[PDB]
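Protein chains in written order, with this note's numbering: chain A, 77 to 121; chain B, 376 to 592; chain C, 449 to 594; chain D, -13 to 85. Using N, Cα and C, we set each Cβ at its ideal position, and we do this for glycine too. One structure is given below, encoded as structure tokens.
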Amino acid sequence: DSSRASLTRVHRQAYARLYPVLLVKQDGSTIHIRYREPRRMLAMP
Amino acid sequence: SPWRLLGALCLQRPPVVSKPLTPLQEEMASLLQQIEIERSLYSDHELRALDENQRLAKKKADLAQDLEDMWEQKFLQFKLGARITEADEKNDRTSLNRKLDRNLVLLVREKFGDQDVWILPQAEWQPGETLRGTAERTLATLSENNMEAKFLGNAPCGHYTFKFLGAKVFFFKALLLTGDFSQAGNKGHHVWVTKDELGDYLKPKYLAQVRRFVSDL
Amino acid sequence: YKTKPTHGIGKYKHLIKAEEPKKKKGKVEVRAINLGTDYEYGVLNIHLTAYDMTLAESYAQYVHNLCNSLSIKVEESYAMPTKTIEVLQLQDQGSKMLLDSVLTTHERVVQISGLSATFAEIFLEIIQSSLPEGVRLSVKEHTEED
Amino acid sequence: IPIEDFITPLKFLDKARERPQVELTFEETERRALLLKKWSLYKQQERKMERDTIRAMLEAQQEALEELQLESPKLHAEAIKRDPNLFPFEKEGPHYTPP
RNA sequence: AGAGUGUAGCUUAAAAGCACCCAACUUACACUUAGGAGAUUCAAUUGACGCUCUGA
């Protein structure tokens, strides 16, 4: 039941690209985050 | 009017990983991404590529590629956590890391004298105390470990009636945070059971009415 | 007419209770009606903080449609300004140079009036069962200022 | 004082000459229409499933409450009300890859 | 084993009116617009395939 709020869409009129970037927390888990600049790994200390 | 005091304790475990994705949802995500691309405008990467290539061509007729190559290299070097966890075991059914996609309910097998079925861990309450207190006490004694069973409310779930002297069963659920089960090699038949396995294990009607209020997902 | 049997037929303000009060600055919240055999909690405050904005907006829309279809009154749902955070990055062979990154963080707030024990527990178990990936729930109190 | 954040920045009006055109075809439009119809049907099915599950849970809770009331005219006064425990309640979302 | 039953979630309706979701506006709710899926369980007022209750 976690796919009801997955297929989303930016309802704003003027906006830039939001590439599905991944981020790992202080344990070891990725998450698809819609953010600019097509990065691949975000090492957040 | 004699009434035998019993109860019940059903465990609720939140899922860790999400359910698998269907092809129609994949096509829907693809078309939504295409619509997002067609609606988006003036991005940082788009400019940093286009105007940079234009400046390169201009100063050559008289960055971005290496950056994305380094990004791809860092993505290929870093290996994510292997989601394959429900297929590499296929034997340790009483483990916490068995199923991590759905909800899991715990039950303990106990063979009595007149009854020989697989009943959910009951909870005997006393008139001198309350009901939720006795329920959580029985849950802590039958678990012999350090767990955090956060109850979602004082209201019950489902009740039954069996006689031979009357009796009654009080169902109580509690959300589990972390799993610090001490000594997983106990002789108690406490197995982490989900939904289909739960419906397949039970047999009588007293347990068939439990799968109607649990989170079927 | 007052004496005719058709008296009081054009009355209409008795069927409404909206007296057009100043609800923009009024801080009068309903208390938790406690009695024992009939429990009723006041106004809560659900928080859906995450790193993505569209996911939070979709979750807020979903929960608002759900609480609208479940026949429960809704106070007001607003949004707080985002907080920019920098992500320092240290160089590999040089643990002395630091960099910086940019990421977003949004949060939504929804409130529900009547929450009886059974109804509220069913609502919260449905919310936690259908909790999407990314966002997180952290219900607080109604005394959260901005 | 709430600070508005949905206001678009000033860098969203000086540049707007990149991808103004959108080209498609009749096949793409009919495929998108079929996909939207299938997704609407799937959402309706999921909504009906959630509705019947909620109805089943509600009727089970009502049966349990009425049985507890008819079997004990005292435990209902302490079982209906809720003790102060879910005030700082929190539930973090699921994960993708295990630690 | 007995009883109550019988048009999708509803009908002192006989294949309709209320309901649901998706796409556009909205911080959000909501109106509106543009669309979709829905039923008389069987053989001629009768008997039996589905649900509930009373039991063991």
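- As DSSP reads the structure, D:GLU78 sits in a beta bridge with C:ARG584.
- Fewer than three pairs of CB atoms, one per stretch, sit closer than 8 Å, so the region 536 to 550 of chain B makes no contact with the region 407 to 418 of chain B.
- Secondary structure at D:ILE40: helix, using DSSP grouped into helix, strand and coil.
- Cβ contact annotation for C:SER549 (same chain, cutoff 7 Å, sequence separation greater than five): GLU534, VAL535, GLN537, in chain order.
- Counting C-beta atoms within 10 angstroms of its own C-beta, C:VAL522 has fewer than 16 neighbours from the protein chains shown and is therefore classed as exposed.
- Between the alpha carbons of B:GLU504 and A:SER105 lies a gap of roughly 44 Å.
- In the displayed model, C:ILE574 falls within a helix according to three-state DSSP.
- When the Cα atoms are used, B:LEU573 and B:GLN501 turn out to be separated by approximately 30 Å.
- Residue nearest to A:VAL97 within the set C:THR552, C:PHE567, C:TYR507 is C:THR552 (criterion: CA-CA distance).
- Pairing B:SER590 with C:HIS462, the inter-Cα distance amounts to about 44 Å.
- When secondary structure is reduced to three states using DSSP, B:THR553 falls in the strand class.
- Among the CB atoms of chain A, none fall inside 8 Å of the CB of D:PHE75.
- Taking each of C:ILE457, C:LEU496, C:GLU467 in turn and checking the Cα distance to C:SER586, the smallest one comes out for C:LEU496.
- Chain order gives the chain D residues near C:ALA565 as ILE66, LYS67, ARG68, where near means a beta carbon separation below 8 Å.
- Per DSSP, reduced to three states, the secondary structure at B:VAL585 is coil, with no helix or strand assignment.
- In the three-state scheme derived from DSSP, where H, G and I count as helix and E and B as strand, D:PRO(-5) is classed as coil.
- Residue state for B:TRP378 is assigned as strand, using DSSP reduced to three classes.
- Taking a C-beta distance under 8 Å as the contact criterion, A:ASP103 and D:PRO80 do not qualify as a contact pair.
- Residue contact check for D:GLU(-10) against chain B: no CB pair falls below 8 Å.
- As DSSP reads the structure, B:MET522 sits in a beta bridge with B:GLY554.
- The Cβ-Cβ distance between A:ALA81 and C:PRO453 does not fall below 8 Å.
- In this structure, the straight-line span from the alpha carbon of D:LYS(-3) to that of C:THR530 is close to 18 Å.
- The three-state reading of DSSP puts C:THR497 in strand, counting E and B together.
- Per DSSP, B:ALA542 is not a residue of any alpha helix (DSSP H); the beta strand (DSSP E) it occupies stretches across 541 to 545.
- Close CB contacts of C:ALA480 within its chain, under the 6 Å cut and outside five residues either way in sequence, are with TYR489, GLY490 (chain order).
- In this structure, the CA atom of B:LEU517 is about 12 Å from the CA atom of B:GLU485.
- At a beta-carbon threshold of 9 Å, the residues of chain C lying near B:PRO389 are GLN576, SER577, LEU579, ordered along the chain.
- For C:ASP548, there are no neighbours in chain A by C-beta distance under 7 Å, as the nearest C-beta there is about 12 Å away.
- Under the 8 Å criterion on CB atoms, C:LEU572 is classed as interfacial with respect to chain B.
- Excluding the 5 residues flanking it on each side, B:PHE526 has same chain C-beta neighbours closer than 6 Å at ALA549, in chain order.
- Distance from the CA of B:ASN529 to the CA of D:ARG68, rounded to the nearest whole angstrom, comes to 6 Å.
- Partner residues in the beta bridge of C:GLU488, as assigned by DSSP, are C:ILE481.
- In this structure, the straight-line span from the alpha carbon of B:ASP491 to that of B:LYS538 is close to 16 Å.
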